[PDB]
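One file, input_35.pdb, is given below (PDB, C-alpha atoms).
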```
ATOM      1  CA  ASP P   2      -9.992 -55.892  59.335
ATOM      2  CA  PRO P   3      -7.316 -58.423  60.450
ATOM      3  CA  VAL P   4      -5.547 -58.478  57.042
ATOM      4  CA  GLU P   5      -5.597 -55.095  55.301
ATOM      5  CA  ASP P   6      -3.786 -55.774  52.031
ATOM      6  CA  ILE P   7      -6.838 -57.834  51.058
ATOM      7  CA  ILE P   8      -8.968 -54.727  51.540
ATOM      8  CA  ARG P  18     -11.714 -46.337  32.708
ATOM      9  CA  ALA P  19     -10.469 -44.912  29.419
ATOM     10  CA  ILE P  20      -8.938 -41.498  28.756
ATOM     11  CA  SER P  21     -10.504 -41.253  25.294
ATOM     12  CA  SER P  22     -14.162 -40.242  24.961
ATOM     13  CA  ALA P  23     -16.809 -40.038  22.256
ATOM     14  CA  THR P  24     -18.109 -37.009  20.348
ATOM     15  CA  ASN P  25     -20.750 -36.672  17.639
ATOM     16  CA  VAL P  26     -19.340 -35.237  14.394
ATOM     17  CA  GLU P  27     -21.961 -34.399  11.785
ATOM     18  CA  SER P  28     -19.696 -32.471   9.393
ATOM     19  CA  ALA P  29     -16.077 -31.747   8.563
ATOM     20  CA  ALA P  30     -14.123 -29.548  10.948
ATOM     21  CA  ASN P  31     -14.219 -25.769  10.782
ATOM     22  CA  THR P  32     -11.168 -23.496  10.754
ATOM     23  CA  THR P  33     -10.632 -20.599  13.096
ATOM     24  CA  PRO P  34      -8.567 -17.532  12.144
ATOM     25  CA  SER P  35      -4.999 -17.453  13.390
ATOM     26  CA  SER P  36      -2.439 -14.673  13.180
ATOM     27  CA  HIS P  37       1.349 -15.027  13.378
ATOM     28  CA  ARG P  38       3.404 -15.737  16.481
ATOM     29  CA  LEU P  39       6.767 -14.231  17.419
ATOM     30  CA  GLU P  40       7.892 -15.591  20.808
ATOM     31  CA  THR P  41       9.877 -18.432  22.327
ATOM     32  CA  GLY P  42       8.775 -21.419  24.387
ATOM     33  CA  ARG P  43       5.728 -22.298  22.306
ATOM     34  CA  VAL P  44       6.434 -24.689  19.481
ATOM     35  CA  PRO P  45       3.532 -26.441  17.720
ATOM     36  CA  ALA P  46       5.648 -27.864  14.899
ATOM     37  CA  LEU P  47       8.150 -30.012  16.795
ATOM     38  CA  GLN P  48       6.813 -33.525  17.368
ATOM     39  CA  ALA P  49       8.389 -36.736  18.631
ATOM     40  CA  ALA P  50       6.970 -39.827  16.946
TER      41      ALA P  50
ATOM     42  CA  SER T  10     -28.204  14.432 -12.542
ATOM     43  CA  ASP T  11     -28.074  11.443 -14.882
ATOM     44  CA  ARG T  12     -26.032  11.936 -18.063
ATOM     45  CA  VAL T  13     -23.038  13.253 -16.099
ATOM     46  CA  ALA T  14     -21.094  10.688 -14.106
ATOM     47  CA  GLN T  15     -17.796  10.345 -12.311
ATOM     48  CA  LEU T  16     -16.238   7.059 -11.252
ATOM     49  CA  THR T  17     -13.372   7.045  -8.753
ATOM     50  CA  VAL T  18     -11.520   3.798  -8.006
ATOM     51  CA  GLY T  19      -8.096   3.786  -6.390
ATOM     52  CA  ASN T  20      -5.801   6.523  -7.666
ATOM     53  CA  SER T  21      -7.738   6.567 -10.944
ATOM     54  CA  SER T  22     -10.997   8.276 -11.883
ATOM     55  CA  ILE T  23     -13.267   8.556 -14.932
ATOM     56  CA  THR T  24     -15.571  11.386 -15.963
ATOM     57  CA  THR T  25     -18.204  11.248 -18.662
ATOM     58  CA  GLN T  26     -20.606  13.991 -19.730
ATOM     59  CA  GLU T  27     -22.707  11.710 -21.907
ATOM     60  CA  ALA T  28     -23.822   8.414 -20.362
ATOM     61  CA  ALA T  29     -26.806   6.115 -20.143
ATOM     62  CA  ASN T  30     -27.256   5.085 -16.502
ATOM     63  CA  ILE T  31     -25.016   2.197 -15.319
ATOM     64  CA  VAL T  32     -25.656  -1.554 -15.495
ATOM     65  CA  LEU T  33     -25.162  -3.708 -12.438
ATOM     66  CA  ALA T  34     -24.959  -7.248 -13.746
ATOM     67  CA  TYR T  35     -27.626  -9.560 -12.331
ATOM     68  CA  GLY T  36     -28.510  -7.039  -9.649
ATOM     69  CA  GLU T  37     -25.475  -7.637  -7.414
ATOM     70  CA  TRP T  38     -22.357  -5.801  -6.336
ATOM     71  CA  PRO T  39     -18.915  -7.390  -6.187
ATOM     72  CA  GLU T  40     -18.000  -8.626  -2.734
ATOM     73  CA  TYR T  41     -15.440 -10.561  -0.733
ATOM     74  CA  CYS T  42     -15.963 -14.274  -0.270
ATOM     75  CA  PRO T  43     -18.078 -15.136   2.795
ATOM     76  CA  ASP T  44     -16.708 -17.519   5.401
ATOM     77  CA  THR T  45     -19.535 -19.978   4.740
ATOM     78  CA  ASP T  46     -18.906 -20.315   1.003
ATOM     79  CA  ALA T  47     -15.117 -20.433   1.273
ATOM     80  CA  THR T  48     -13.170 -23.684   1.227
ATOM     81  CA  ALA T  49      -9.393 -23.083   1.114
ATOM     82  CA  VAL T  50      -8.067 -22.640   4.652
ATOM     83  CA  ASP T  51      -5.160 -20.243   4.075
ATOM     84  CA  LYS T  52      -5.627 -16.512   4.398
ATOM     85  CA  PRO T  53      -6.262 -14.542   1.191
ATOM     86  CA  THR T  54      -4.489 -11.293   0.400
ATOM     87  CA  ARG T  55      -6.428  -8.079  -0.221
ATOM     88  CA  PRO T  56      -4.299  -5.301  -1.724
ATOM     89  CA  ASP T  57      -7.268  -2.977  -2.288
ATOM     90  CA  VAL T  58      -6.066   0.291  -3.832
ATOM     91  CA  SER T  59      -3.018  -1.133  -5.575
ATOM     92  CA  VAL T  60      -4.986  -3.699  -7.597
ATOM     93  CA  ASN T  61      -8.488  -2.211  -7.658
ATOM     94  CA  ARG T  62      -8.247   0.732 -10.063
ATOM     95  CA  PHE T  63      -8.817   1.614 -13.712
ATOM     96  CA  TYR T  64      -6.439   0.069 -16.245
ATOM     97  CA  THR T  65      -6.726   1.326 -19.833
ATOM     98  CA  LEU T  66      -5.995  -0.890 -22.824
ATOM     99  CA  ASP T  67      -4.994   0.336 -26.271
ATOM    100  CA  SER T  68      -7.713   1.701 -28.522
ATOM    101  CA  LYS T  69      -9.331  -0.292 -31.316
ATOM    102  CA  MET T  70      -9.933   1.888 -34.362
ATOM    103  CA  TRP T  71     -13.333   1.909 -35.935
ATOM    104  CA  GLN T  72     -14.004   1.315 -39.603
ATOM    105  CA  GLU T  73     -16.857   0.506 -41.995
ATOM    106  CA  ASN T  74     -15.871  -3.140 -42.440
ATOM    107  CA  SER T  75     -15.165  -3.752 -38.742
ATOM    108  CA  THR T  76     -16.779  -6.928 -37.445
ATOM    109  CA  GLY T  77     -16.180  -6.300 -33.720
ATOM    110  CA  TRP T  78     -13.732  -7.330 -31.011
ATOM    111  CA  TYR T  79     -13.599  -9.278 -27.782
ATOM    112  CA  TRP T  80     -11.390  -9.602 -24.698
ATOM    113  CA  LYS T  81     -11.164 -12.063 -21.804
ATOM    114  CA  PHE T  82     -11.107 -11.241 -18.112
ATOM    115  CA  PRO T  83      -8.872 -11.379 -15.948
ATOM    116  CA  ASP T  84      -6.649 -12.449 -18.874
ATOM    117  CA  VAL T  85      -6.235  -8.933 -20.289
ATOM    118  CA  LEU T  86      -4.867  -7.832 -16.916
ATOM    119  CA  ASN T  87      -2.553 -10.735 -16.137
ATOM    120  CA  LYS T  88       0.549  -8.973 -17.488
ATOM    121  CA  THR T  89      -0.225  -5.446 -16.278
ATOM    122  CA  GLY T  90       0.314  -3.548 -13.054
ATOM    123  CA  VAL T  91       0.295  -5.056  -9.589
ATOM    124  CA  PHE T  92      -2.826  -6.994 -10.602
ATOM    125  CA  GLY T  93      -0.818  -8.980 -13.109
ATOM    126  CA  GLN T  94       1.839  -9.801 -10.551
ATOM    127  CA  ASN T  95      -0.485 -11.041  -7.815
ATOM    128  CA  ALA T  96      -2.287 -13.286 -10.286
ATOM    129  CA  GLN T  97       1.032 -14.933 -11.198
ATOM    130  CA  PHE T  98       2.172 -15.661  -7.654
ATOM    131  CA  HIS T  99      -1.172 -16.993  -6.448
ATOM    132  CA  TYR T 100      -3.116 -20.067  -7.465
ATOM    133  CA  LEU T 101      -6.514 -18.738  -6.415
ATOM    134  CA  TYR T 102      -8.150 -15.580  -7.740
ATOM    135  CA  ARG T 103     -11.513 -13.939  -7.108
ATOM    136  CA  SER T 104     -12.990 -10.506  -7.891
ATOM    137  CA  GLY T 105     -15.432  -8.474  -9.920
ATOM    138  CA  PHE T 106     -14.890  -5.764 -12.498
ATOM    139  CA  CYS T 107     -16.125  -2.360 -13.617
ATOM    140  CA  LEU T 108     -16.063  -2.046 -17.406
ATOM    141  CA  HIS T 109     -16.056   1.269 -19.253
ATOM    142  CA  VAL T 110     -15.987   1.792 -23.022
ATOM    143  CA  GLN T 111     -15.243   5.131 -24.669
ATOM    144  CA  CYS T 112     -16.271   5.868 -28.227
ATOM    145  CA  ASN T 113     -17.141   9.404 -29.326
ATOM    146  CA  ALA T 114     -17.919  11.113 -32.609
ATOM    147  CA  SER T 115     -19.728  14.194 -33.844
ATOM    148  CA  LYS T 116     -23.377  15.010 -34.430
ATOM    149  CA  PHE T 117     -22.906  14.223 -38.129
ATOM    150  CA  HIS T 118     -21.817  10.631 -37.402
ATOM    151  CA  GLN T 119     -23.963   7.582 -36.785
ATOM    152  CA  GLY T 120     -23.809   3.953 -35.738
ATOM    153  CA  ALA T 121     -24.389   1.730 -32.755
ATOM    154  CA  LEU T 122     -22.246  -0.662 -30.735
ATOM    155  CA  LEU T 123     -23.457  -3.629 -28.732
ATOM    156  CA  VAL T 124     -21.477  -3.957 -25.500
ATOM    157  CA  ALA T 125     -22.151  -7.166 -23.588
ATOM    158  CA  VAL T 126     -20.677  -9.241 -20.773
ATOM    159  CA  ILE T 127     -20.679 -12.962 -21.423
ATOM    160  CA  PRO T 128     -20.050 -15.373 -18.535
ATOM    161  CA  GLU T 129     -18.120 -18.446 -19.667
ATOM    162  CA  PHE T 130     -17.618 -17.218 -23.221
ATOM    163  CA  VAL T 131     -16.462 -20.114 -25.358
ATOM    164  CA  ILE T 132     -15.082 -19.555 -28.822
ATOM    165  CA  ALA T 133     -15.676 -22.284 -31.358
ATOM    166  CA  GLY T 134     -13.872 -24.008 -34.171
ATOM    167  CA  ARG T 135     -15.032 -23.123 -37.654
ATOM    168  CA  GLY T 136     -15.318 -26.052 -40.029
ATOM    169  CA  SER T 137     -17.553 -28.824 -41.321
ATOM    170  CA  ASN T 138     -15.571 -31.596 -39.655
ATOM    171  CA  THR T 139     -17.727 -33.857 -37.482
ATOM    172  CA  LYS T 140     -14.869 -36.068 -36.296
ATOM    173  CA  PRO T 141     -13.297 -34.826 -33.037
ATOM    174  CA  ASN T 142      -9.929 -35.861 -34.463
ATOM    175  CA  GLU T 143      -9.997 -33.996 -37.780
ATOM    176  CA  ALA T 144     -12.216 -31.235 -36.362
ATOM    177  CA  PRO T 145     -10.565 -27.808 -36.012
ATOM    178  CA  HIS T 146     -10.039 -25.929 -32.757
ATOM    179  CA  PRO T 147      -8.989 -22.332 -32.068
ATOM    180  CA  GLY T 148      -5.508 -21.436 -30.932
ATOM    181  CA  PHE T 149      -4.490 -20.225 -27.495
ATOM    182  CA  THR T 150      -3.834 -16.737 -28.882
ATOM    183  CA  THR T 151      -7.456 -16.778 -30.083
ATOM    184  CA  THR T 152      -9.142 -18.297 -27.008
ATOM    185  CA  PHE T 153      -7.188 -15.892 -24.744
ATOM    186  CA  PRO T 154      -6.389 -12.826 -26.865
ATOM    187  CA  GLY T 155      -4.640 -10.786 -24.189
ATOM    188  CA  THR T 156      -4.434  -7.000 -24.214
ATOM    189  CA  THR T 157      -4.430  -6.908 -28.002
ATOM    190  CA  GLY T 158      -7.988  -8.236 -28.223
ATOM    191  CA  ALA T 159      -9.332 -10.488 -30.952
ATOM    192  CA  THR T 160     -11.820 -10.081 -33.788
ATOM    193  CA  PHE T 161     -14.917 -11.904 -34.949
ATOM    194  CA  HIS T 162     -14.857 -13.985 -38.075
ATOM    195  CA  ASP T 163     -18.655 -14.353 -37.857
ATOM    196  CA  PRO T 164     -20.066 -11.606 -35.649
ATOM    197  CA  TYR T 165     -23.643 -12.675 -36.414
ATOM    198  CA  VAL T 166     -23.370 -16.031 -34.613
ATOM    199  CA  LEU T 167     -20.872 -14.583 -32.087
ATOM    200  CA  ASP T 168     -18.231 -17.134 -33.128
ATOM    201  CA  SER T 169     -19.816 -19.486 -30.592
ATOM    202  CA  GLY T 170     -22.638 -20.679 -32.857
ATOM    203  CA  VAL T 171     -25.275 -18.579 -31.095
ATOM    204  CA  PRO T 172     -27.347 -15.692 -32.522
ATOM    205  CA  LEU T 173     -26.256 -12.158 -31.693
ATOM    206  CA  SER T 174     -29.846 -10.983 -31.423
ATOM    207  CA  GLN T 175     -30.285 -12.892 -28.147
ATOM    208  CA  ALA T 176     -27.121 -11.434 -26.623
ATOM    209  CA  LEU T 177     -29.388  -8.991 -24.827
ATOM    210  CA  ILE T 178     -29.851 -11.589 -22.105
ATOM    211  CA  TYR T 179     -26.367 -10.762 -20.811
ATOM    212  CA  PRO T 180     -25.774  -7.512 -18.979
ATOM    213  CA  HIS T 181     -25.318  -5.071 -21.818
ATOM    214  CA  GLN T 182     -25.622  -1.471 -23.069
ATOM    215  CA  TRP T 183     -25.420   0.270 -26.418
ATOM    216  CA  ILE T 184     -23.247   3.083 -27.596
ATOM    217  CA  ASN T 185     -25.555   5.000 -29.924
ATOM    218  CA  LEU T 186     -23.523   7.869 -31.268
ATOM    219  CA  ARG T 187     -26.484  10.233 -31.103
ATOM    220  CA  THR T 188     -27.168   9.402 -27.447
ATOM    221  CA  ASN T 189     -24.196   8.305 -25.317
ATOM    222  CA  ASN T 190     -20.434   8.121 -25.774
ATOM    223  CA  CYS T 191     -19.793   5.510 -23.066
ATOM    224  CA  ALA T 192     -21.107   2.199 -21.758
ATOM    225  CA  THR T 193     -20.432   1.061 -18.188
ATOM    226  CA  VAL T 194     -21.250  -2.337 -16.628
ATOM    227  CA  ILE T 195     -20.322  -3.464 -13.114
ATOM    228  CA  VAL T 196     -19.795  -7.225 -13.078
ATOM    229  CA  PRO T 197     -19.879  -9.312  -9.880
ATOM    230  CA  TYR T 198     -17.691 -12.341  -9.458
ATOM    231  CA  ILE T 199     -19.506 -15.141 -11.277
ATOM    232  CA  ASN T 200     -18.262 -18.722 -11.254
ATOM    233  CA  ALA T 201     -19.298 -22.151 -10.044
ATOM    234  CA  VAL T 202     -16.444 -22.158  -7.501
ATOM    235  CA  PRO T 203     -15.492 -19.383  -5.055
ATOM    236  CA  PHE T 204     -11.851 -19.056  -6.210
ATOM    237  CA  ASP T 205     -10.147 -20.086  -9.416
ATOM    238  CA  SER T 206      -6.919 -19.730 -11.370
ATOM    239  CA  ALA T 207      -6.644 -16.434 -13.221
ATOM    240  CA  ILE T 208      -4.216 -18.027 -15.675
ATOM    241  CA  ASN T 209      -6.055 -21.188 -16.748
ATOM    242  CA  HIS T 210      -9.608 -19.849 -16.678
ATOM    243  CA  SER T 211     -11.224 -16.614 -17.841
ATOM    244  CA  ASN T 212     -14.523 -15.788 -16.166
ATOM    245  CA  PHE T 213     -16.110 -13.706 -18.907
ATOM    246  CA  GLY T 214     -15.379 -11.944 -22.166
ATOM    247  CA  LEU T 215     -16.286  -8.428 -23.271
ATOM    248  CA  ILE T 216     -17.839  -7.794 -26.678
ATOM    249  CA  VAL T 217     -18.100  -4.660 -28.801
ATOM    250  CA  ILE T 218     -19.975  -5.122 -32.069
ATOM    251  CA  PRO T 219     -21.327  -2.817 -34.808
ATOM    252  CA  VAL T 220     -24.973  -3.755 -35.117
ATOM    253  CA  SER T 221     -25.425  -0.581 -37.154
ATOM    254  CA  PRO T 222     -22.315   0.424 -39.132
ATOM    255  CA  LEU T 223     -20.380   3.661 -38.784
ATOM    256  CA  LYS T 224     -21.343   6.310 -41.330
ATOM    257  CA  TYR T 225     -20.099   9.839 -41.847
ATOM    258  CA  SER T 226     -20.353  12.141 -44.838
ATOM    259  CA  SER T 227     -17.057  13.092 -46.482
ATOM    260  CA  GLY T 228     -15.030  15.824 -44.812
ATOM    261  CA  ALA T 229     -15.707  14.685 -41.265
ATOM    262  CA  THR T 230     -13.315  12.724 -39.081
ATOM    263  CA  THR T 231     -12.485   9.258 -40.414
ATOM    264  CA  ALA T 232     -10.588   8.098 -37.333
ATOM    265  CA  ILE T 233     -12.812   6.826 -34.503
ATOM    266  CA  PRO T 234     -11.160   4.670 -31.809
ATOM    267  CA  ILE T 235     -12.739   2.400 -29.186
ATOM    268  CA  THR T 236     -10.964   2.557 -25.839
ATOM    269  CA  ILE T 237     -11.499   0.178 -22.930
ATOM    270  CA  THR T 238     -10.940   0.852 -19.226
ATOM    271  CA  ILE T 239     -11.578  -1.861 -16.644
ATOM    272  CA  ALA T 240     -11.190  -1.968 -12.869
ATOM    273  CA  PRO T 241     -11.041  -5.055 -10.618
ATOM    274  CA  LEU T 242     -13.510  -4.365  -7.784
ATOM    275  CA  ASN T 243     -12.991  -6.415  -4.609
ATOM    276  CA  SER T 244      -9.971  -8.618  -5.366
ATOM    277  CA  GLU T 245      -8.652 -11.594  -3.398
ATOM    278  CA  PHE T 246      -5.717 -13.930  -3.962
ATOM    279  CA  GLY T 247      -4.720 -17.198  -2.350
ATOM    280  CA  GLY T 248      -2.354 -20.116  -2.668
ATOM    281  CA  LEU T 249       0.894 -18.189  -2.802
ATOM    282  CA  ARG T 250       3.779 -19.806  -4.680
ATOM    283  CA  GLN T 251       6.367 -19.004  -7.356
ATOM    284  CA  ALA T 252       5.474 -17.092 -10.535
ATOM    285  CA  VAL T 253       3.674 -18.759 -13.437
ATOM    286  CA  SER T 254       2.713 -16.718 -16.485
ATOM    287  CA  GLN T 255       0.935 -19.703 -18.047
TER     288      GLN T 255
END
```
Produce C-alpha cells that represent the structure in this file.
Amino acid sequence: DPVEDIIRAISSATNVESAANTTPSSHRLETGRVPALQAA
Amino acid sequence: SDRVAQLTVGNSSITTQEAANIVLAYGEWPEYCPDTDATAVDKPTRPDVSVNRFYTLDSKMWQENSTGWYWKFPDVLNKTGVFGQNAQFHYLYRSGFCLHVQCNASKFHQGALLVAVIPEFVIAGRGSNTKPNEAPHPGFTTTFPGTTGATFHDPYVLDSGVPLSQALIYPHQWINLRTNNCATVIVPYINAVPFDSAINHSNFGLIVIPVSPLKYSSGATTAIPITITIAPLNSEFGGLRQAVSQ
C-alpha cells in the first residue's frame, strides 16, 4: 500500500501420428497476397 | 443381343457383327487414382476425349509359318496422337486400356489365335550362358518393339521361359475363325505403384499367337491381316516438364 512499485510460451504441442495431408488448391490472380516472398 | 457389339470412345467407334462377349481383366474397370492411394502432391491432368480414344496400328499379315507377335503398352502409343505428347512432357502416367483385335476370313478358312494380356511381360535372353557377364540380353528394340511390334523366336515358351499352355491365367480370348472375328479385353491399370513413367516402364504386353495354324484350300484368299486397335481408358498425367522421348 505505501510503496506501489513493489506491488508462458507462444509455441504449443500437437500429436502427429502420420505425415501431413495435402488439401486441393486452385490458382490465384490478385494483388496483396504473396505466399512466396519471405525474409530470412 | 450378344454377337453384335459397338464400342464408342472419344471421337472413335468400333462395330463388330461377330464377337464373343467382352473380357474385363480381373473383374475391374479402369478408374482414376483415389486420394487415399495417391502420393504425388501436384495436380494431374485429365484430357479425356483427346487421349482416350481408339488408335489403330498397322496390320500384321498372317501366314502358315507365322509364330506370333507382341506389343508393349503404353509404349506403342508414346509416339502417336495427343497421348504420345502428354506421355513425353509428364513424368507420371496412369491409365487402363481397351484392346480390340480384328482378324477375319471366310467359312472355308480355319485356325485359332490366342490373345492374352500379360502384366509385367519380360522377354528373355536366349542362350546357354550361365555367367551374367557373357550371358546374352535382348535389345531395346526387342524389349520395347514400338508400333511395329515384335515376333516370337520360341512361341511355345513365350520367349520368357514359360509354357504357352498356362497363358490362360491372364485375361484372354481366342479368335476362332469359325466363331468370332474379334477379341476385346478391357484392362485396368495394374502396377505396384499408382503412377509410373510411360517411357521407362511398360505395364503389359499384348500377344497374338497361332495355336492352330491358318489353313485354306487353294483358290481362296491368301492374304489375312491382323489389325490392332487400342484405347486408353481413364488417363492421368503428372510431373510436367520438358519433352523426353526416351
Expected selection from the PyMOL selection byres ((chain T) within 12 of (chain P)), given as a list in words
residues 44, 45, 47, 48, 49, 50, 51, 52 and 53 of chain T
May I have the residues within 8 Å of segment 150-155 of chain T as a PyMOL selection string, using only C-alpha atoms and disregarding those fewer than 5 positions away in the same chain?
chain T and resi 80-81+84-86+131-132
What does the file look like for those residues with C-alpha atoms, as a compact mmCIF listing (two decimals), in the coordinates of the input?
```
# COMPACT_ATOMS: atom_id res chain seq x y z
CA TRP T 80 -11.39 -9.60 -24.70
CA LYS T 81 -11.16 -12.06 -21.80
CA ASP T 84 -6.65 -12.45 -18.87
CA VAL T 85 -6.24 -8.93 -20.29
CA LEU T 86 -4.87 -7.83 -16.92
CA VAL T 131 -16.46 -20.11 -25.36
CA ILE T 132 -15.08 -19.56 -28.82
```
Measuring between only C-alpha atoms, which one of T:72, T:244, T:139, T:251 shows the shortest distance to residue 54 of chain T?
T:244
Quick one, how far is atom CA of residue 37 of chain P from atom CA of residue 206 of chain T?
26.5 Å
One-decimal distance in Å that lies between atom CA of residue 208 of chain T and atom CA of residue 168 of chain T
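Calculated distance between atom CA of residue 168 of chain T and atom CA of residue 208 of chain T is 22.4 Å.
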Would you mind listing what lies within 12 Å of residue 169 of chain T as number ranges by chain, with all atoms listed in the file counted and same-chain residues fewer than 4 positions away left out?
T: 127, 129-135, 146-147, 152, 161-165, 173, 176
The PyMOL selection byres ((chain T and resi 185-200) around 6) resolved against shown file, as JSON, numbers by chain
{"T": [27, 28, 31, 32, 33, 34, 38, 39, 104, 105, 106, 107, 108, 109, 110, 111, 112, 113, 119, 120, 121, 182, 183, 184, 201, 202]}
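Proximity of T:178, T:223, T:207, T:167 to residue 247 of chain T, computed with only C-alpha atoms, is greatest for T:207.
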Taking all atoms of segment 210-223 of chain T that appear in the file, build a box with edges along x, y and z, extend it by 4 Å on every side, and state its centre and edge lengths in Å to one decimal, as lines of an AutoDock Vina configuration file.
```
center_x = -17.5
center_y = -8.1
center_z = -27.6
size_x = 23.8
size_y = 31.5
size_z = 31.0
```
If I take atom CA of residue 255 of chain T and atom CA of residue 66 of chain T, how far is one from the other in Å, to one decimal?
20.6 Å
Quick one: residues within 10 Å of residue 13 of chain T, all atoms listed in the file counted, chain neighbours fewer than 3 positions away excluded, as a PyMOL selection string?
chain T and resi 10+24-30
Scan for residues within 7 Å of the point (-10.8, -8.2, -26.6) in the coordinates of the file, using only C-alpha atoms, and reply as a ChimeraX atom specification.
/T:78-81,154,156-159,215
Select, from T:21, T:42, T:97, T:172, the residue with the minimum atom-to-atom distance to residue 203 of chain T, counting only C-alpha atoms.
T:42
Determine the residue membership of the PyMOL selection byres ((chain T and resi 55) around 12) for the file above and supply it as a ChimeraX atom specification.
/T:40-42,52-54,56-61,91-92,95,102-104,241-247
Please produce an output containing C-alpha atoms for each residue in the selection, written as a compact mmCIF listing (two decimals), in the frame of the given file.
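So the final result, stored in again-v5.txt, reads:
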```txt
# COMPACT_ATOMS: atom_id res chain seq x y z
CA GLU T 40 -18.00 -8.63 -2.73
CA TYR T 41 -15.44 -10.56 -0.73
CA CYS T 42 -15.96 -14.27 -0.27
CA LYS T 52 -5.63 -16.51 4.40
CA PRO T 53 -6.26 -14.54 1.19
CA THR T 54 -4.49 -11.29 0.40
CA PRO T 56 -4.30 -5.30 -1.72
CA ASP T 57 -7.27 -2.98 -2.29
CA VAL T 58 -6.07 0.29 -3.83
CA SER T 59 -3.02 -1.13 -5.58
CA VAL T 60 -4.99 -3.70 -7.60
CA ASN T 61 -8.49 -2.21 -7.66
CA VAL T 91 0.30 -5.06 -9.59
CA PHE T 92 -2.83 -6.99 -10.60
CA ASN T 95 -0.48 -11.04 -7.82
CA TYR T 102 -8.15 -15.58 -7.74
CA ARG T 103 -11.51 -13.94 -7.11
CA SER T 104 -12.99 -10.51 -7.89
CA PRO T 241 -11.04 -5.06 -10.62
CA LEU T 242 -13.51 -4.36 -7.78
CA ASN T 243 -12.99 -6.42 -4.61
CA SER T 244 -9.97 -8.62 -5.37
CA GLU T 245 -8.65 -11.59 -3.40
CA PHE T 246 -5.72 -13.93 -3.96
CA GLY T 247 -4.72 -17.20 -2.35
```
Out of T:22, T:17, T:221, T:226, which residue has the shortest atom-to-atom distance to residue 116 of chain T when counting only C-alpha atoms?
T:226
Shell around residue 231 of chain T at 10 Å using only C-alpha atoms, local window under 3 positions removed, as a ChimeraX atom specification:
/T:70-73,114,118,223-228,234
Got time to write the residues from that selection, C-alpha atoms, as a short mmCIF file (atom, residue, chain, number, x, y, z; two decimals), in the coordinates of the input?
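Resulting contents of result-v4.cif:
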```cif
data_model
loop_
_atom_site.label_atom_id
_atom_site.label_comp_id
_atom_site.auth_asym_id
_atom_site.auth_seq_id
_atom_site.Cartn_x
_atom_site.Cartn_y
_atom_site.Cartn_z
CA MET T 70 -9.93 1.89 -34.36
CA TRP T 71 -13.33 1.91 -35.94
CA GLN T 72 -14.00 1.32 -39.60
CA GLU T 73 -16.86 0.51 -42.00
CA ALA T 114 -17.92 11.11 -32.61
CA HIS T 118 -21.82 10.63 -37.40
CA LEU T 223 -20.38 3.66 -38.78
CA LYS T 224 -21.34 6.31 -41.33
CA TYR T 225 -20.10 9.84 -41.85
CA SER T 226 -20.35 12.14 -44.84
CA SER T 227 -17.06 13.09 -46.48
CA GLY T 228 -15.03 15.82 -44.81
CA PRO T 234 -11.16 4.67 -31.81
#
```
Mind filling out segment 20-33 of chain P with N, CA and C atoms and sending it as a short mmCIF file (atom, residue, chain, number, x, y, z; two decimals), in the frame of the given file?
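After the write, rebuild-v6.cif holds the following:
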```
data_model
loop_
_atom_site.label_atom_id
_atom_site.label_comp_id
_atom_site.auth_asym_id
_atom_site.auth_seq_id
_atom_site.Cartn_x
_atom_site.Cartn_y
_atom_site.Cartn_z
N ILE P 20 -9.17 -42.94 28.83
CA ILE P 20 -8.94 -41.50 28.76
C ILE P 20 -9.70 -40.92 27.57
N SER P 21 -9.83 -41.70 26.50
CA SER P 21 -10.50 -41.25 25.29
C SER P 21 -12.01 -41.29 25.48
N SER P 22 -12.71 -40.33 24.86
CA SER P 22 -14.16 -40.24 24.96
C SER P 22 -14.76 -40.13 23.57
N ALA P 23 -16.09 -40.08 23.52
CA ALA P 23 -16.81 -40.04 22.26
C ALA P 23 -17.42 -38.66 22.02
N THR P 24 -17.46 -38.25 20.76
CA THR P 24 -18.11 -37.01 20.35
C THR P 24 -18.78 -37.20 19.00
N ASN P 25 -20.00 -36.68 18.89
CA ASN P 25 -20.75 -36.67 17.64
C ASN P 25 -20.11 -35.67 16.68
N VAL P 26 -19.88 -36.10 15.44
CA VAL P 26 -19.34 -35.24 14.39
C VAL P 26 -20.28 -35.37 13.20
N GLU P 27 -21.02 -34.31 12.90
CA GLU P 27 -21.96 -34.40 11.78
C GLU P 27 -21.42 -33.77 10.51
N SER P 28 -20.27 -33.11 10.56
CA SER P 28 -19.70 -32.47 9.39
C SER P 28 -18.20 -32.29 9.59
N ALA P 29 -17.51 -31.97 8.50
CA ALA P 29 -16.08 -31.75 8.56
C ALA P 29 -15.75 -30.56 9.46
N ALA P 30 -14.51 -30.54 9.95
CA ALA P 30 -14.12 -29.55 10.95
C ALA P 30 -14.03 -28.16 10.35
N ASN P 31 -14.38 -27.16 11.16
CA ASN P 31 -14.22 -25.77 10.78
C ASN P 31 -12.77 -25.33 10.98
N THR P 32 -12.51 -24.07 10.67
CA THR P 32 -11.17 -23.50 10.75
C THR P 32 -11.25 -22.11 11.38
N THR P 33 -10.58 -21.92 12.49
CA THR P 33 -10.63 -20.60 13.10
C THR P 33 -9.50 -19.72 12.57
#
```
